[PDB]
Amino acid sequence: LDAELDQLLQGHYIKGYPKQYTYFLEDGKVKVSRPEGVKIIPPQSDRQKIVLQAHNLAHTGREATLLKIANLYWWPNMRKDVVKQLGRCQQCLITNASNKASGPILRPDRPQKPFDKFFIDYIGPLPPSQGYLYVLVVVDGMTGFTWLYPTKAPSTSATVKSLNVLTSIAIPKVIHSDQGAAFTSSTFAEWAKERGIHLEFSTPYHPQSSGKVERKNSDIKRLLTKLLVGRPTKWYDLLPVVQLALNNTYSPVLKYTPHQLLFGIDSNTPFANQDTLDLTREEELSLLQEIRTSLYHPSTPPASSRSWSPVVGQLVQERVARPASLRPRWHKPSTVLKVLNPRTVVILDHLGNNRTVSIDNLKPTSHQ
Amino acid sequence: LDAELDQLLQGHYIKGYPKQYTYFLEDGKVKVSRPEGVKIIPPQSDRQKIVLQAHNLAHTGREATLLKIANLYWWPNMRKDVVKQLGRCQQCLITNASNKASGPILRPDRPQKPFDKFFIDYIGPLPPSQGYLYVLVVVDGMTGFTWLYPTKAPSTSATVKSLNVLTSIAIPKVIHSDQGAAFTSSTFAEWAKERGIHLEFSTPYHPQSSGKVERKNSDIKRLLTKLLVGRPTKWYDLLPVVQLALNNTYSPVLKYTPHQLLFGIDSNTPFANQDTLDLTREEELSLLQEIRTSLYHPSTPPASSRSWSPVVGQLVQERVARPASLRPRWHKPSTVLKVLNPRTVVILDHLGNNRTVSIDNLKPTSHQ
Amino acid sequence: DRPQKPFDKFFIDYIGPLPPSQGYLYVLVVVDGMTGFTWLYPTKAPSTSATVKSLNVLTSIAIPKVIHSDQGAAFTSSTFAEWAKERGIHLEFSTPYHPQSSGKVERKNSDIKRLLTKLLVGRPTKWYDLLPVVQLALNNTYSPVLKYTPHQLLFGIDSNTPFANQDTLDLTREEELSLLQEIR
Amino acid sequence: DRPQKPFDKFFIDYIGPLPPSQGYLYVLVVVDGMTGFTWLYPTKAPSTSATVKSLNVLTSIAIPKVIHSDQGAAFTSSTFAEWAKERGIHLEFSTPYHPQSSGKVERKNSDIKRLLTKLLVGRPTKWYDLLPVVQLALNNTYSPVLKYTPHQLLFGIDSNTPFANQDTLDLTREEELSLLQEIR
DNA sequence: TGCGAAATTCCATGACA
DNA sequence: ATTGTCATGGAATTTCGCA
DNA sequence: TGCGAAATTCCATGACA
DNA sequence: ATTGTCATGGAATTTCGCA
Ligand SMILES: N#Cc1cccc2c1[C@]1(CC2)NC(=O)c2c3c(c(O)c(=O)n21)C(=O)N(Cc1ccc(F)c(Cl)c1)CC3
Ligand SMILES: N#Cc1cccc2c1[C@]1(CC2)NC(=O)c2c3c(c(O)c(=O)n21)C(=O)N(Cc1ccc(F)c(Cl)c1)CC3
Ligand SMILES: [Mg+2]
Ligand SMILES: [Mg+2]
Ligand SMILES: [Mg+2]
Ligand SMILES: [Mg+2]
Ligand SMILES: [Mg+2]
Ligand SMILES: [Mg+2]
Ligand SMILES: [Zn+2]
Ligand SMILES: [Zn+2]
Numbered sequence: 008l009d010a011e012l013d014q015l016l017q018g019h020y021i022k023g024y025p026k027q028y029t030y031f032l033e034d035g036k037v038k039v040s041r042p043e044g045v046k047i048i049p050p051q052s053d054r055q056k057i058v059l060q061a062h063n064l065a066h067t068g069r070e071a072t073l074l075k076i077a078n079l080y081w082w083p084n085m086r087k088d089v090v091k092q093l094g095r096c097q098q099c100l101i102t103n104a105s106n107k108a109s110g111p112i113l114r115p116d117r118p119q120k121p122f123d124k125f126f127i128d129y130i131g132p133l134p135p136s137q138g139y140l141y142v143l144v145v146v147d148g149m150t151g152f153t154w155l156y157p158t159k160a161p162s163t164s165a166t167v168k169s170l171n172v173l174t175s176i177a178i179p180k181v182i183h184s185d186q187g188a189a190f191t192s193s194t195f196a197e198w199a200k201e202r203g204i205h206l207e208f209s210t211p212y213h214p215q216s217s218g219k220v221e222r223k224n225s226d227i228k229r230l231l232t233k234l235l236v237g238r239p240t241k242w243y244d245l246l247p248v249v250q251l252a253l254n255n256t257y258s259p260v261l262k263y264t265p266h267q268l269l270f271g272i273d274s275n276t277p278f279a280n281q282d283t284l285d286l287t288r289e290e291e292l293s294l295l296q297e298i299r300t301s302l303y304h305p306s307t308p309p310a311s312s313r314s315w316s317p318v319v320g321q322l323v324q325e326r327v328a329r330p331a332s333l334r335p336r337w338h339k340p341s342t343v344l345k346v347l348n349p350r351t352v353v354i355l356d357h358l359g360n361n362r363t364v365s366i367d368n369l370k371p372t373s374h375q
Numbered sequence: 008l009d010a011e012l013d014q015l016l017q018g019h020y021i022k023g024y025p026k027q028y029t030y031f032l033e034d035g036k037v038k039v040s041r042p043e044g045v046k047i048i049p050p051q052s053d054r055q056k057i058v059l060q061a062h063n064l065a066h067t068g069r070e071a072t073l074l075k076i077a078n079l080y081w082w083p084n085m086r087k088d089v090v091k092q093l094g095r096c097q098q099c100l101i102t103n104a105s106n107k108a109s110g111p112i113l114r115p116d117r118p119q120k121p122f123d124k125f126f127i128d129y130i131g132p133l134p135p136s137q138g139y140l141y142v143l144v145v146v147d148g149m150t151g152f153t154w155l156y157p158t159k160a161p162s163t164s165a166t167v168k169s170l171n172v173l174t175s176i177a178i179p180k181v182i183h184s185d186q187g188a189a190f191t192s193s194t195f196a197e198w199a200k201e202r203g204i205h206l207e208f209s210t211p212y213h214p215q216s217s218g219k220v221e222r223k224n225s226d227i228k229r230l231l232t233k234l235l236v237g238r239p240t241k242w243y244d245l246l247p248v249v250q251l252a253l254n255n256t257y258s259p260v261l262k263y264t265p266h267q268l269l270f271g272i273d274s275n276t277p278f279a280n281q282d283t284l285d286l287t288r289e290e291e292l293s294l295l296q297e298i299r300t301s302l303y304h305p306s307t308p309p310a311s312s313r314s315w316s317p318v319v320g321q322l323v324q325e326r327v328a329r330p331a332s333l334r335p336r337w338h339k340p341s342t343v344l345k346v347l348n349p350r351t352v353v354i355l356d357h358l359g360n361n362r363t364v365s366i367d368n369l370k371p372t373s374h375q
Numbered sequence: 116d117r118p119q120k121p122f123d124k125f126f127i128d129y130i131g132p133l134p135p136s137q138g139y140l141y142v143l144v145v146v147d148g149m150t151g152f153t154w155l156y157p158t159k160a161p162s163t164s165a166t167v168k169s170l171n172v173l174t175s176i177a178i179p180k181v182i183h184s185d186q187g188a189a190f191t192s193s194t195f196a197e198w199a200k201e202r203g204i205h206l207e208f209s210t211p212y213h214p215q216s217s218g219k220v221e222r223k224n225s226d227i228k229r230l231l232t233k234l235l236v237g238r239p240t241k242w243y244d245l246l247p248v249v250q251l252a253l254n255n256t257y258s259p260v261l262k263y264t265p266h267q268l269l270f271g272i273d274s275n276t277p278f279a280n281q282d283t284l285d286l287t288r289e290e291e292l293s294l295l296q297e298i299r
Numbered sequence: 116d117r118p119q120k121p122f123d124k125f126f127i128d129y130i131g132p133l134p135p136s137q138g139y140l141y142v143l144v145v146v147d148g149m150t151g152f153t154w155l156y157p158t159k160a161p162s163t164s165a166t167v168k169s170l171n172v173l174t175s176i177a178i179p180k181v182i183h184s185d186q187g188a189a190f191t192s193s194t195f196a197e198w199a200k201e202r203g204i205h206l207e208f209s210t211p212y213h214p215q216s217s218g219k220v221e222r223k224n225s226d227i228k229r230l231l232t233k234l235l236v237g238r239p240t241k242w243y244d245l246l247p248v249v250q251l252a253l254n255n256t257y258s259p260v261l262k263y264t265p266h267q268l269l270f271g272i273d274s275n276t277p278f279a280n281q282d283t284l285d286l287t288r289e290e291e292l293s294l295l296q297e298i299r
């Protein structure tokens, strides 16, 4: 734009150029004496190349890129042009980190009854014990009651064998699990269909979604650690002991053990509660139905100062699951198809695939 | 204590036992009718075994252990006895997690001059490039000016070879590094003594202490990532480019590049600052001496709600560096010998060894 | 006297020898006295070792105050007595040749023996895989006396597997002829 | 006219062939015109390739506006001209057989040639390891004309290695006889 | 109708790799 | 086509025992 | 002596494995 | 015998251009 700069040298006002400054020609280029010093005003036709040259030195953000440009040049609304280049640099978009936290977590309602929802997951590989390396952990969502099964692999076959033993007691409505190979297999889907069980899956690479069982994995490992202090790590024979110990452990916030929430009465274990001795089983089951409905339920915490919440049409980027060395931590921008809830979304990547992801594995694409 | 319980059955007051309750004998044991129900009062001689039996079921904390005891028994100040057992259980002390955060971080003063302190560290293993796997990163503390050297190993020999090239320009007063084998070797100590360089070491397993170089490692990897997008990871030839790019990158908070802080003038690189063209070198060096002293310095942030600060004589526990599977994450209690600063301490373990550790790798032993 | 509760008494017994299925020949039957809830365990023998291995699985879920059984070798052994003493379980025996339990438990053991016989016929070597479905059937079977099924009495909720189809349990002329053909 | 600054002009030249040391035979000498700061690079030859490999190390620290040299083959090549054009460096040559630099630079190149000769004598094959100490000596050598050493002028601070012991630089009768013994 | 202490509740911290 | 959880031990708050 | 917008400064977020 | 750091891009705040 040498035409725009021509009228400027003559002396007549152009929108964006303050009239209180002296615009002149020197060394075959339009200059301006500004407080900082004399800066070159490049024609609008040259600005894109300049912004890109400054940015490309170290692939810098807004201020660091602008500070280089401002060393030699001046033009109206420089940062508007800097931001246009930042938002078009694929290398920055996929490599840079986010500076916006996810919105506050959801505290899903506790399943209403025992057997409504199971949370299943694997622990391992553990030091070998009797040829076993893994533990299948099954947590009832309402009660917190856990079943432990030692396995040689986190496989469909080992899950099915264990679950056929457990489901002898009762069949659950839903089985929630992560996207581990053992649970996503067609053999496992077939095993569940065959029994009227609905398979619910966590968003990928988000163990918080399986929080109920993950949290129990900590308690299991903590108790096995304590019991194995100054002894070889022979955990296999301790799984039954740990299962019974944890199922009969009080949750200080609930003031009930998972066994009490499941049966409404303690079995012949140490320090069994005797408070319902004079009640009939029906009276006892009536008190249990009341206890199960009045359990403490946490509420979503406050949003942080700089959190983001997904919006349909928004450009977001999924996090690379296992990024290789010196490779981007983010995928190319995706579009938000549906906002399932403020923490879960359906996205469409550049391939055209529909993915249900957690916002913890997403960043909103910067500079719109 | 059957003597203490004898006077109780008779009806005369004993300190700790409310007089408003009815104490009686039934099934050969002292009982009491309390609001919750009828509880057995065991003699003081039996209480330690009871507390330990309840605790040992799942190695539970204060409330979870008490809730089991309260099912069958009652006695004055039960939790005082529960806490005595919790504080004596070695398994709980070394396995449980802390619930007290470290005190707020220190923001050490920026070294006054370039070459006062270097922060050195290794990046790698990286994908092989020309037989090279590592990068020795040397950051001047005052300026932020960085030197990059490709190495085949994070060894003393490779560090010495690289540092003999760098020290051709200037010798630093101090070299700060972590406790990596390459820097703690007697050959490296000898190399530094030979040159009048003091070796300063970070507390073990605390890279925040080497924060200055760690932070530069992020920028180095981020720029190499960007430059290598959709190309093989041939980083070796990019180290000189990345070094020059970052050394000439503005820090938006300082409004200076590491090159400007080191030399007080830009070299022949793109967008070089021309603001001191009319100044003599002496005038320019005088302005640089002023710029170096007025740089922004951050202050320690607010302490969190439940932080802890070390005290001489306090029982603390060092974190196990690389804990094995199903093994405690904490060492046995240690005593705080000296409080070097609110974030660094000298501890004496049970072996009798003196260790300088960060409070980030410590928890105060619970229940005193 | 205090009302009857689940875990007050577990009635155990062995069913077998049965045709081999996955190397198993016996079924240890555990029935809770109050609820009538059934747990079944396949064993390779009616031995103390097989009883202890099977009951260690059950006692990781719930421990009974009392275990009731006949004077079978596996239950009268000093090893089984030591196992119970260790768990605070009182052992209770019926007089030799006089098996007494309770009306509800005797009726349940009849249903178990009859349901097993009905499903054995045609596939007597595939009963190991049928043990989970046999238990669900039994535990979701309505009690005319109590108004609730063993599952409702144990968990205090309805089940996701109601066994509305109250099957014959009695054998057909085809199954009778097939069973008498197997006894050859 | 604007005052002289560091990086305005780098004067480069080759010293050698010298006795082999770690396979090296030459020293590329780079002297900043304004400060008199010296950077030394051992090369295996006075070639364009050796110059480019050595100057790529220096130009990763600081780029000069101008490089000044004599009409040596390595510096007049079209490859070296392409390398400079790529970096925005203007090449400047002295007239053949008339090496002109500046008083300060000519004096510095004299000190370099004399300091090298002094340390070669006795250990002419160990100069590679001495290059770091030779540079520190030179850069921490006070300038009578300017009042400051090259280090002070480049960094604007005192150094941690002040070279207070202003050595002879001239050879002893022992070193003269040892040097004349080497020339045999 | 209020005091000192014990009991209970709160809740930040951290780990489920 | 889904979603964080909860044991832990000092601190904060409430309740208890007595008057 | 004050308005609209541009420029600058602030600062939570996250990664140095 | 030592100790966190700082690029990043929206938001908050200040300054600029003009009157
Ligand atoms: N490894 C692996 C792996 C191996 C086989 C199959 C699969 C994985 C799998 C996805 C499927 N991949 C994973 O990365 C993975 C993990 C966890 C898993 O249970 C899990 O199955 N996976 C897991 O339990 N953790 C711990 C954790 C961390 C932070 C938390 F907030 C919570 Cl709640 C829990 C995280 C890693
Ligand atoms: N691995 C390893 C390893 C290999 C050889 C020698 C040594 C290690 C060594 C100690 C010595 N051991 C380590 O665990 C180790 C680490 C880091 C190191 O530089 C480092 O040298 N080490 C390091 O850079 N990081 C990244 C990080 C994480 C959190 C942060 F807040 C900061 Cl500032 C930086 C952490 C791990
Ligand atoms: Mg998993
Ligand atoms: Mg998991
Ligand atoms: Mg390191
Ligand atoms: Mg590091
Ligand atoms: Mg019998
Ligand atoms: Mg010459
Ligand atoms: Zn970029
Ligand atoms: Zn313990």
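Respectively, the protein sequence lines represent chains A, A', B and B'. A prime marks a further copy of an entry chain. Numbering-wise (the authors' numbering), the first sequence opens with residue 8 and increments by one. Numbering-wise (the authors' numbering), the second sequence opens with residue 8 and increments by one. Numbering-wise (the authors' numbering), the third sequence opens with residue 116 and increments by one. Numbering-wise (the authors' numbering), the fourth sequence opens with residue 116 and increments by one. All C-beta atoms, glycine included, are put in the ideal place defined by N, C-alpha and C.
Contacting residues, own chain, Cβ-Cβ under 7 Å from residue i (five flanking each side not counted)
i: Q98(A); result: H66
i: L12(A'); result: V37, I48, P50
Identified DSSP bridge partners for residue i
i: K370(A); result: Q324(A)
i: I127(B'); result: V145(B')
i: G44(A'); result: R41(A')
Cβ shell of residue i (< 6 Å), same chain only, five flanking positions each side left out
i: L268(B); result: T150
i: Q137(A); result: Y243
Local conformation of residue i per DSSP, three classes
i: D53(A); result: helix
i: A279(A); result: coil
i: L235(A'); result: coil
i: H183(B'); result: strand
i: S136(B); result: strand
Spatial distance of residue i from residue j (CA atoms)
i: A165(B); j: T158(B); result: 6 Å
i: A160(A'); j: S314(A); result: 42 Å
i: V353(A); j: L347(A); result: 7 Å
Other residues of its chain near residue i: CB distance less than 8 Å, five sequence neighbours each side excluded
i: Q250(A); result: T153, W154, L155
Residue ranges of each alpha helix (DSSP H) within the region 83 to 124 of chain A', 4 or longer: 85 to 93, 97 to 102
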